[PDB]
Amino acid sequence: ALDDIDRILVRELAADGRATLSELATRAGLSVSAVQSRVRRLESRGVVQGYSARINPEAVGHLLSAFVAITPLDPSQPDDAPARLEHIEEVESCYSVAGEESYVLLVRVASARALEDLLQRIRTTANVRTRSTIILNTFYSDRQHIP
């Protein structure tokens, strides 16, 4: 249930998550109260999940990033791997995936040696084997597309 106004809003907020209400209003042709109200509804259905500064991972110390695919050492009991890895701050994303492995993580770390220590924490806390793909360079990311 996304009408055209909602599409302009989510599209403007994808590009600028700090658009103020007056800017959005005068872009959608609405009152500032109507915008507030539409935005609130977007947030409470789960259309807008939240708002974030896009931080440069190199500037804060994360010089190495990697994809880690993980697969349960014993796939019999149901899977708590996402829940159990939620406590590891260096895991930034966690997806379940079709094919041979069961999840892919994106992980960020200070160095090669910090990566090896983190792979150990991952194997032990979710009881998983790991396959690691170091990222060499990010050309662009999160380029969110509203059709």
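Throughout, rigid core stands for the largest set of C-alpha atoms superposing within 1.5 Å between the two forms. Quick note: we count residues from 1 along the sequence shown, nothing fancier.
Asks: Superpose by the rigid core: which stretch, 96 to 104 or 76 to 84, shows more Cα shift in 5 other deposited structures of this protein?
Replies: Checking 96 to 104 against 76 to 84 in 5 other deposited structures of this protein, I find the farther stretch is 76 to 84.
Asks: Fit on the core, then compare CA atoms: does 63 to 71 or 25 to 33 lie farther from this form in 5 other deposited structures of this protein?
Replies: More C-alpha displacement in 5 other deposited structures of this protein shows up in 25 to 33.
Asks: On average, which has the higher Cα B-factor in the deposited entry, 135 to 143 or 15 to 23?
Replies: The deposited B-factors put 15 to 23 ahead on the C-alpha mean.
Asks: On average, are the C-alpha B-factors higher in 47 to 55 or in 109 to 117?
Replies: The recorded data point to 47 to 55.
Asks: Among 122, 81, 64, 104, where is the Cα temperature factor highest, going by the PDB entry?
Replies: Spelled out: the listed residue with the top C-alpha B-factor is 81.
Asks: Taking the values exactly as deposited, rank residue 97 by C-alpha B-factor within its chain and report the matching third: lowest, middle or highest.
Replies: For residue 97, the deposited C-alpha B-factor lands in the lowest third.
Asks: For residue 70, does the deposited CA B-factor place it in the lowest, middle or highest third of the chain?
Replies: Its C-alpha B-factor belongs to the lowest third of this chain's values.
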